[PDB]
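Data block below; observations after.
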Number of protein chains: 2
Amino acid sequence: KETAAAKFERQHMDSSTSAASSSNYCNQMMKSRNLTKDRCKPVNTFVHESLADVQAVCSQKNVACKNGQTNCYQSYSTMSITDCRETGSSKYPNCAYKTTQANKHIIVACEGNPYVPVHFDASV
Amino acid sequence: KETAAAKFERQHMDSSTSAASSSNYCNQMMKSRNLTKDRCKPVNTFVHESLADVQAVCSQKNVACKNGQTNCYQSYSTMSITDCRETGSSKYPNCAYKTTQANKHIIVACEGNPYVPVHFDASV
């Protein structure tokens, strides 16, 4: 079993690139980050900033999570991100994703000590 | 009781303005659209495009909804939107919102005949 923090890193962190490299970025990443194993995870966002910058969001703008929880934080700045979403031709175990690059604020839920991201809520 | 389509329009459509007009936009809109009545709705997005343009998204890019449903659609173009999110000083019945303006693709779930938006899933 993964810690909540490590699962966030696996699902959402890609500091190795400044932005999605091709239209196939999501197909490759959803697979290598183990998000197509038991099923096709329908929607998932990768952040192309350092881990330190993403962790720093937990000390930024406190905002409500979509579900009403009070431990969500919005980044003061925009960040390079990629939205991966299953498309019509996607059928487990043959998972297919649309790659959409963008620059926006991210909203994450934070927990623990050290207080670090444990869920990606949204981007704005 | 509202139809699903009318509830979408009430919660998410603002074609009267090209973008949020002030930092108080969300406080005003969340109230007048009746989203602070029984509780503070934690998160809500308004779209500043014509209703025809938003309805047209149901014939655009078919993508998975965050919950796995297959009836979600992503707009081919970006749209002017405003993200409203409760902030720390928010306590029902005194609801307080942060206003964040942006330009991005919207993702909506569509249902019915006419096939129209019934849920705002996300923006990218």
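Each chain in the structure tokens gets a letter, A, B, ..., in the order shown, and its residues are numbered from 1; ligands are numbered from 1 in order too.
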Pick out the chain A residues within 10 Å of chain B. Count only C-alpha atoms. Give them as a PyMOL selection string. chain A and resi 40-45+61-74+81-90+97-98+100-105+122-124
Write out as a ChimeraX atom specification each polymer residue whose atoms come within 8 Å of residue 55 (chain B), counting only C-alpha atoms; drop sequence neighbours fewer than 3 positions from it. /B:51-52,58,116-117
Which residues are close to residue 16 (chain B), i.e. within 10 Å by only C-alpha atoms, leaving aside same-chain residues fewer than 6 positions away? Reply as a PyMOL selection string. chain B and resi 48-50
Got time to write the residues from that selection, N, CA, C and O atoms, as a short mmCIF file (atom, residue, chain, number, x, y, z; two decimals), in the first residue's frame?
data_model
loop_
_atom_site.label_atom_id
_atom_site.label_comp_id
_atom_site.auth_asym_id
_atom_site.auth_seq_id
_atom_site.Cartn_x
_atom_site.Cartn_y
_atom_site.Cartn_z
N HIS B 48 -18.87 32.42 -19.42
CA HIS B 48 -19.23 33.68 -20.07
C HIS B 48 -19.19 33.50 -21.57
O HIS B 48 -18.34 34.07 -22.26
N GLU B 49 -20.07 32.67 -22.08
CA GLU B 49 -20.22 32.52 -23.52
C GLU B 49 -21.71 32.41 -23.74
O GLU B 49 -22.46 32.25 -22.78
N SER B 50 -22.16 32.50 -24.98
CA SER B 50 -23.58 32.38 -25.23
C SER B 50 -24.05 30.98 -24.82
O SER B 50 -23.24 30.04 -24.75
#
Apply DSSP to the structure's backbone, then extract all residues of region 11-76 of chain B labelled alpha helix (DSSP H) and return them as a PDB file with N, CA and C atoms, in the first residue's frame.
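Result saved to part-v2.pdb:
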ATOM      1  N   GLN B  11     -26.883  27.420 -12.425  1.00  0.00           N
ATOM      2  CA  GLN B  11     -25.593  27.321 -11.749  1.00  0.00           C
ATOM      3  C   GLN B  11     -24.404  27.816 -12.571  1.00  0.00           C
ATOM      4  N   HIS B  12     -24.454  27.659 -13.889  1.00  0.00           N
ATOM      5  CA  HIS B  12     -23.235  27.783 -14.674  1.00  0.00           C
ATOM      6  C   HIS B  12     -23.222  28.793 -15.826  1.00  0.00           C
ATOM      7  N   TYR B  25     -17.375  39.366  -7.739  1.00  0.00           N
ATOM      8  CA  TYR B  25     -18.282  38.728  -8.692  1.00  0.00           C
ATOM      9  C   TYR B  25     -18.879  37.440  -8.119  1.00  0.00           C
ATOM     10  N   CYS B  26     -18.033  36.575  -7.565  1.00  0.00           N
ATOM     11  CA  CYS B  26     -18.513  35.303  -7.049  1.00  0.00           C
ATOM     12  C   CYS B  26     -19.434  35.447  -5.842  1.00  0.00           C
ATOM     13  N   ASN B  27     -19.129  36.384  -4.948  1.00  0.00           N
ATOM     14  CA  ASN B  27     -20.012  36.618  -3.800  1.00  0.00           C
ATOM     15  C   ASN B  27     -21.405  37.004  -4.255  1.00  0.00           C
ATOM     16  N   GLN B  28     -21.464  37.875  -5.254  1.00  0.00           N
ATOM     17  CA  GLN B  28     -22.730  38.335  -5.794  1.00  0.00           C
ATOM     18  C   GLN B  28     -23.469  37.224  -6.530  1.00  0.00           C
ATOM     19  N   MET B  29     -22.759  36.517  -7.412  1.00  0.00           N
ATOM     20  CA  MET B  29     -23.386  35.499  -8.262  1.00  0.00           C
ATOM     21  C   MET B  29     -23.797  34.247  -7.525  1.00  0.00           C
ATOM     22  N   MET B  30     -22.997  33.822  -6.545  1.00  0.00           N
ATOM     23  CA  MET B  30     -23.324  32.602  -5.822  1.00  0.00           C
ATOM     24  C   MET B  30     -24.620  32.837  -5.055  1.00  0.00           C
ATOM     25  N   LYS B  31     -24.805  34.073  -4.611  1.00  0.00           N
ATOM     26  CA  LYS B  31     -26.019  34.458  -3.891  1.00  0.00           C
ATOM     27  C   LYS B  31     -27.225  34.573  -4.814  1.00  0.00           C
ATOM     28  N   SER B  32     -27.106  35.386  -5.853  1.00  0.00           N
ATOM     29  CA  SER B  32     -28.243  35.600  -6.733  1.00  0.00           C
ATOM     30  C   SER B  32     -28.657  34.344  -7.512  1.00  0.00           C
ATOM     31  N   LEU B  51     -25.341  30.862 -24.553  1.00  0.00           N
ATOM     32  CA  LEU B  51     -25.937  29.577 -24.240  1.00  0.00           C
ATOM     33  C   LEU B  51     -25.816  28.632 -25.430  1.00  0.00           C
ATOM     34  N   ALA B  52     -26.003  29.164 -26.630  1.00  0.00           N
ATOM     35  CA  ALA B  52     -25.805  28.359 -27.842  1.00  0.00           C
ATOM     36  C   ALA B  52     -24.390  27.742 -27.927  1.00  0.00           C
ATOM     37  N   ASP B  53     -23.363  28.528 -27.614  1.00  0.00           N
ATOM     38  CA  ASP B  53     -21.987  28.018 -27.621  1.00  0.00           C
ATOM     39  C   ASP B  53     -21.736  26.926 -26.583  1.00  0.00           C
ATOM     40  N   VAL B  54     -22.353  27.064 -25.414  1.00  0.00           N
ATOM     41  CA  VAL B  54     -22.154  26.084 -24.354  1.00  0.00           C
ATOM     42  C   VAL B  54     -22.939  24.812 -24.677  1.00  0.00           C
ATOM     43  N   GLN B  55     -24.165  24.972 -25.150  1.00  0.00           N
ATOM     44  CA  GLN B  55     -24.956  23.831 -25.608  1.00  0.00           C
ATOM     45  C   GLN B  55     -24.241  23.099 -26.731  1.00  0.00           C
TER      46      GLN B  55
END
Using only C-alpha atoms, which protein or nucleic acid residues come within 10 Å of residue 7 (chain A)? Drop anything in the same chain fewer than 4 positions from it, and give the result as a VMD selection string. chain A and resid 1 to 3 11 to 13 33 117 to 119
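Comparing A:20, A:47, A:79, A:57 by their smallest distance to residue 109 (chain A), the closest is A:57 (using only C-alpha atoms).
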Return as a PyMOL selection string the full set of residues in chain A whose backbone-based DSSP assignment is strand (DSSP E). chain A and resi 43-47+61-63+72-74+79-86+97-104+106-111+116-123
Residues from the last selection, N, CA and C atoms, saved as a CSV table (one decimal), in the first residue's frame:
chain,number,residue,atom,x,y,z
A,43,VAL,N,-9.8,10.1,-15.7
A,43,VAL,CA,-9.3,11.5,-15.7
A,43,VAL,C,-8.1,11.6,-14.8
A,44,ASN,N,-7.0,12.3,-15.3
A,44,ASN,CA,-5.8,12.5,-14.4
A,44,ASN,C,-4.9,13.6,-14.9
A,45,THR,N,-4.5,14.4,-14.0
A,45,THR,CA,-3.6,15.6,-14.3
A,45,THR,C,-2.2,15.4,-13.9
A,46,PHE,N,-1.2,15.7,-14.7
A,46,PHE,CA,0.2,15.8,-14.4
A,46,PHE,C,0.7,17.2,-14.3
A,47,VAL,N,1.5,17.5,-13.3
A,47,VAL,CA,2.0,18.8,-13.1
A,47,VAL,C,3.5,18.9,-13.5
A,61,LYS,N,-3.0,29.5,-1.1
A,61,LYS,CA,-4.3,30.0,-0.8
A,61,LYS,C,-5.3,28.9,-0.4
A,62,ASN,N,-5.7,29.0,0.9
A,62,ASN,CA,-6.6,28.0,1.4
A,62,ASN,C,-8.0,28.2,0.8
A,63,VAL,N,-8.5,27.1,0.2
A,63,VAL,CA,-9.8,27.2,-0.5
A,63,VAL,C,-10.6,25.9,-0.3
A,72,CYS,N,-8.0,22.3,1.2
A,72,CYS,CA,-7.6,22.4,-0.2
A,72,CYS,C,-6.9,23.8,-0.4
A,73,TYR,N,-5.9,23.8,-1.3
A,73,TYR,CA,-5.1,25.0,-1.5
A,73,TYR,C,-4.9,25.3,-3.0
A,74,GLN,N,-5.0,26.5,-3.3
A,74,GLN,CA,-4.9,26.9,-4.7
A,74,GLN,C,-3.5,27.6,-4.9
A,79,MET,N,0.7,27.0,-13.2
A,79,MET,CA,1.7,26.0,-13.4
A,79,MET,C,1.5,25.3,-14.7
A,80,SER,N,2.6,24.7,-15.3
A,80,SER,CA,2.5,23.9,-16.5
A,80,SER,C,1.8,22.6,-16.1
A,81,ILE,N,0.7,22.3,-16.7
A,81,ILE,CA,0.1,21.0,-16.4
A,81,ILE,C,-0.4,20.3,-17.7
A,82,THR,N,-0.7,19.0,-17.6
A,82,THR,CA,-1.3,18.2,-18.6
A,82,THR,C,-2.5,17.4,-18.1
A,83,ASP,N,-3.7,17.7,-18.8
A,83,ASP,CA,-4.9,16.9,-18.4
A,83,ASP,C,-5.0,15.7,-19.3
A,84,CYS,N,-5.1,14.5,-18.7
A,84,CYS,CA,-5.3,13.3,-19.5
A,84,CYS,C,-6.7,12.8,-19.3
A,85,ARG,N,-7.4,12.5,-20.3
A,85,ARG,CA,-8.8,12.1,-20.2
A,85,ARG,C,-9.1,11.0,-21.2
A,86,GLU,N,-9.8,9.9,-20.8
A,86,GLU,CA,-10.1,8.8,-21.8
A,86,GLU,C,-11.0,9.4,-22.9
A,97,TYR,N,-6.1,7.9,-24.3
A,97,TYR,CA,-6.2,9.2,-23.7
A,97,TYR,C,-6.0,10.4,-24.6
A,98,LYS,N,-6.8,11.4,-24.3
A,98,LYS,CA,-6.5,12.7,-25.0
A,98,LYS,C,-5.6,13.5,-24.1
A,99,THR,N,-4.6,14.1,-24.7
A,99,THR,CA,-3.6,14.9,-24.0
A,99,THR,C,-3.9,16.4,-24.2
A,100,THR,N,-4.1,17.2,-23.1
A,100,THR,CA,-4.4,18.6,-23.2
A,100,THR,C,-3.5,19.4,-22.3
A,101,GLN,N,-2.5,20.1,-22.9
A,101,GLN,CA,-1.6,20.9,-22.2
A,101,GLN,C,-2.2,22.2,-21.8
A,102,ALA,N,-1.8,22.8,-20.6
A,102,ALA,CA,-2.3,24.1,-20.2
A,102,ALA,C,-1.4,24.7,-19.2
A,103,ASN,N,-1.7,25.9,-18.8
A,103,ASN,CA,-1.0,26.6,-17.7
A,103,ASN,C,-2.1,27.2,-16.8
A,104,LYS,N,-2.2,26.6,-15.7
A,104,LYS,CA,-3.2,27.2,-14.7
A,104,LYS,C,-2.8,26.9,-13.3
A,106,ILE,N,-3.3,25.3,-9.7
A,106,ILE,CA,-3.7,24.0,-9.3
A,106,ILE,C,-4.3,24.1,-7.9
A,107,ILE,N,-5.2,23.2,-7.7
A,107,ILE,CA,-5.9,23.1,-6.4
A,107,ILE,C,-5.7,21.7,-5.8
A,108,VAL,N,-5.0,21.5,-4.7
A,108,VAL,CA,-4.7,20.2,-4.1
A,108,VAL,C,-5.2,20.2,-2.7
A,109,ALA,N,-5.5,19.0,-2.2
A,109,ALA,CA,-5.8,18.8,-0.8
A,109,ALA,C,-4.5,18.4,-0.1
A,110,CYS,N,-4.3,18.9,1.1
A,110,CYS,CA,-3.0,18.6,1.8
A,110,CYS,C,-3.3,17.9,3.2
A,111,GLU,N,-2.4,17.1,3.6
A,111,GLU,CA,-2.6,16.3,4.9
A,111,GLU,C,-1.2,16.0,5.4
A,116,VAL,N,1.6,17.9,3.1
A,116,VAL,CA,1.9,17.7,1.7
A,116,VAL,C,0.7,17.3,0.9
A,117,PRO,N,0.7,17.5,-0.5
A,117,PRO,CA,-0.5,17.2,-1.3
A,117,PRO,C,-0.8,15.7,-1.2
A,118,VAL,N,-2.1,15.3,-1.1
A,118,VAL,CA,-2.5,14.0,-1.1
A,118,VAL,C,-3.7,13.7,-2.1
A,119,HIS,N,-4.1,14.8,-2.8
A,119,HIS,CA,-5.2,14.6,-3.8
A,119,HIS,C,-5.2,15.8,-4.7
A,120,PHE,N,-5.3,15.6,-6.0
A,120,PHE,CA,-5.5,16.7,-7.0
A,120,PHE,C,-6.9,17.0,-7.1
A,121,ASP,N,-7.4,18.2,-6.8
A,121,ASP,CA,-8.8,18.5,-6.8
A,121,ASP,C,-9.2,19.0,-8.2
A,122,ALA,N,-8.4,20.0,-8.7
A,122,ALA,CA,-8.8,20.7,-9.9
A,122,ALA,C,-7.7,21.6,-10.3
A,123,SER,N,-7.8,22.2,-11.5
A,123,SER,CA,-7.0,23.3,-11.9
A,123,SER,C,-8.0,24.4,-12.3
Fewer than 5 positions away in the same chain doesn't count, so skip those; otherwise give me all residues within 12 Å of residue 38 (chain B), counting only C-alpha atoms, as a short mmCIF file (atom, residue, chain, number, x, y, z; two decimals) with N, CA and C atoms, in the first residue's frame.
data_model
loop_
_atom_site.label_atom_id
_atom_site.label_comp_id
_atom_site.auth_asym_id
_atom_site.auth_seq_id
_atom_site.Cartn_x
_atom_site.Cartn_y
_atom_site.Cartn_z
N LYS B 31 -24.81 34.07 -4.61
CA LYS B 31 -26.02 34.46 -3.89
C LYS B 31 -27.23 34.57 -4.81
N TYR B 92 -21.37 29.49 6.61
CA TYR B 92 -22.80 29.58 6.38
C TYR B 92 -23.51 30.09 7.64
N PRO B 93 -24.43 31.05 7.50
CA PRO B 93 -24.97 31.61 6.25
C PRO B 93 -24.21 32.82 5.74
N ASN B 94 -22.98 33.04 6.20
CA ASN B 94 -22.18 34.10 5.64
C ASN B 94 -21.13 33.52 4.69
N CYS B 95 -21.54 33.31 3.44
CA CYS B 95 -20.71 32.64 2.44
C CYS B 95 -19.75 33.61 1.76
#
